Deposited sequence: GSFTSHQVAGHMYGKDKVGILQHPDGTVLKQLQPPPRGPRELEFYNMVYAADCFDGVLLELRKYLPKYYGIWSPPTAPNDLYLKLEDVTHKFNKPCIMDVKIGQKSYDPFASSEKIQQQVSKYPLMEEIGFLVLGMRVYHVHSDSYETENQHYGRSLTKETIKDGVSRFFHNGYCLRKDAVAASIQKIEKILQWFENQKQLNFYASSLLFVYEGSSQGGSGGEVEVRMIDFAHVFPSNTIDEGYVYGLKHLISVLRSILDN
């Protein structure tokens, strides 16, 4: 992820097959001729897509040019949350499944994993950063683990918590009204202002597949994340 001063990000395509699949996803959704009602609504929850980009002298070096969802913030507080019961996709090998489940064996139980957060503290005029190991350490501590993101401005930011719930609810509504796509190892990016208040966007589409059914695992995760955020409002 290269943050570009024009309010876009450049995401380098992952190695195959993951990078190509993500390019394919954005191309399907943001097709110039697409009038699929489901996919039209889905665009609302994605970063805007500006097509494939490569350096003038390096056509090999493929990027997606995406909206920087943090652009409109002064001191953005950012959290990435992987959603779903399974982080492996429907065509993973036994080896590959074991790799993925071992990273977070509570994924089935909890249905989401905090990949990281950056939290601005007014207090000290500085950022607090948590990495992959933070979220992977949370057990059924998850409430306190998520709460940490919302400690800003000499308070618990229940405004940002409530905003996040309302925006996730829209994404949840989309997932309850579609059975065309299932999403594995994809994330929600949360942004609020740490200095019309919150951003929640779906990101990371290297394991999105056509489907016949509700994405039950994703829905479980969204529902559970909402339930946790809901409980934080009672703090």
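A.B. asks: Which deposited-sequence positions, grouped into ranges, are missing C-alpha coordinates?
C.D. replies: Counting from residue 1, the stretches without coordinates are 1-19, 160, 216-221.
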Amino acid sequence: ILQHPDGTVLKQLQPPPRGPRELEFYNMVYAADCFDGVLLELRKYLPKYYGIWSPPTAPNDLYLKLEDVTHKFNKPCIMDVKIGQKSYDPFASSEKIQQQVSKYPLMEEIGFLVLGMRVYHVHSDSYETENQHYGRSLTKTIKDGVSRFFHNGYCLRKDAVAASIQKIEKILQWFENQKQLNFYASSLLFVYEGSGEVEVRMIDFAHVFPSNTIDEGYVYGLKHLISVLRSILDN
From here on, numbers count along this sequence of modelled residues.
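Rigid core: the largest C-alpha set superposing within 1.5 Å between the two forms.
A.B. asks: Which segment is farther from the shown form on average in 9 other deposited structures of this protein after a rigid core fit, 53-61 or 66-74, going by CA atoms?
C.D. replies: When 53-61 and 66-74 are compared in 9 other deposited structures of this protein, 53-61 lies farther out.
A.B. asks: So which moves more in 9 other deposited structures of this protein by CA, 162-170 or 37-45, given a superposition on the core?
C.D. replies: It is 162-170 that deviates more in 9 other deposited structures of this protein.
A.B. asks: Looking only at CA atoms, which has the higher mean B factor in the entry: 53-61 or 197-205?
C.D. replies: The deposited B-factors put 53-61 ahead on the C-alpha mean.
A.B. asks: For the stretches 80-88 and 98-106, which has the higher mean C-alpha B-factor as given in the deposited record?
C.D. replies: Higher mean C-alpha B-factor: 98-106.
A.B. asks: Compare the CA B factors listed in the entry for 93, 164, 147, 74 and report the winner.
C.D. replies: Answer, based on the entry's C-alpha B-factors: 93.
A.B. asks: So among 176, 169, 33, 67, who wins on Cα B-factor in the entry?
C.D. replies: Result of the comparison over 176, 169, 33, 67: 33.
A.B. asks: For residue 40, return the chain-relative third of its C-alpha B-factor as stated in the PDB record: lowest, middle or highest.
C.D. replies: Answer is highest: the recorded C-alpha B-factor places it there.
A.B. asks: Select lowest, middle or highest to describe the third in which the CA B-factor of residue 136 falls within its chain in this entry.
C.D. replies: CA B-factor rank for residue 136: highest third.
A.B. asks: Sorting the chain's CA B-factors, does residue 1 end up in the lowest, middle or highest third?
C.D. replies: As the PDB entry reports it, the C-alpha B-factor of residue 1 lands in the highest third of its chain.
A.B. asks: Among the chain's modelled residues, which third holds the C-alpha B-factor of residue 160?
C.D. replies: It belongs to the lowest third of the chain when residues are ordered by C-alpha B-factor.
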